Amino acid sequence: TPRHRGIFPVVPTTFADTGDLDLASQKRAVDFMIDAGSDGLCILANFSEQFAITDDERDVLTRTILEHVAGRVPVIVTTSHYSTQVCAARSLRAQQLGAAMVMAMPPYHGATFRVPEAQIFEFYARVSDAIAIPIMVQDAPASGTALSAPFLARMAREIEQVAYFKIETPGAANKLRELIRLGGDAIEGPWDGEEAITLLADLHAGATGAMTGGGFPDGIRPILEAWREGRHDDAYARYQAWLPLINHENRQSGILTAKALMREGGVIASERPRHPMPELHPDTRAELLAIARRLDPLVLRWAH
């Protein structure tokens, strides 16, 4: 029924050791992620360190990644921006370059500038007016904005392109259940995130998709597949095996997790973030690799 379902990991932005964009590694990261079995990819999201790049770099990354993917899997382009007109323009450009969907945080800035529901609704309505591809509404704490289940459901029922959701706030499972009940079939994509930390509970609640870290989508996808097949006990077993990795990414290594793993496996040239974001502490990184090695993920055995 839905146009998209499954696992859509966030593509990290690859930098050279000195901070410059490293497009050669960027393409390899993309290729590994597709080889990992990803149903699709999400680019320029927070786990893509989008906050550390310029508009020019954003456009370069968008064109480069979309061209390299070459239509092999659908791509979700994050177009978040406070300005409605700017978000609309970036979303149109994404569509023109082949994007299958765009993701956008509700308009906001820092932890002081918020926008009333009425204007948020207009923000999405206007972005929707400008494009012909679906919009994924992101419900995450970074925005400091409250997007109730009723409001989200209302946008889905009244705004043409609003059809997908990335629920990353506390109690996502309960919210997803509410969103689906209130939105009905208007809720085409009730998805979760946070690197898949609450994946199993979210699937129970009706989630049909997950936006995770891009270091090991091959380890997470089977969980959604088993759930899809109606094998809940099998889902739990697979969920249990990988939970320590998921947990370490969520609470210890964070954003850099995928890049650290890709660097270890030779997928990318450098795992460094752009200053001032701190490097992974040594033990934190060592523990990450030790857990990953117990799981034999593709990222550590990608002969390309």
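Residues carry their position along the shown sequence, with the first being 1.
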item	value
Between the two ranges 1-9 and 294-302, the one averaging a larger CA B factor in the entry	1-9
275-283 versus 30-38 - which carries the larger mean C-alpha B factor in the record	275-283
Residue with maximal Cα B-factor (values as given in the PDB entry) among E158, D202, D218, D233	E158
Top Cα B factor in the deposited entry, candidates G98, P190, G183, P134	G183
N46 - Cα temperature factor, lowest/middle/highest third of chain	highest
Chain third (lowest, middle, highest) by recorded CA B-factor, residue given as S128	middle
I76 - which third its CA temperature factor falls in, relative to the rest of the chain	lowest
Third assignment of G144 from its chain's C-alpha B-factors	highest
Third of chain Cα B-factors occupied by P150	highest
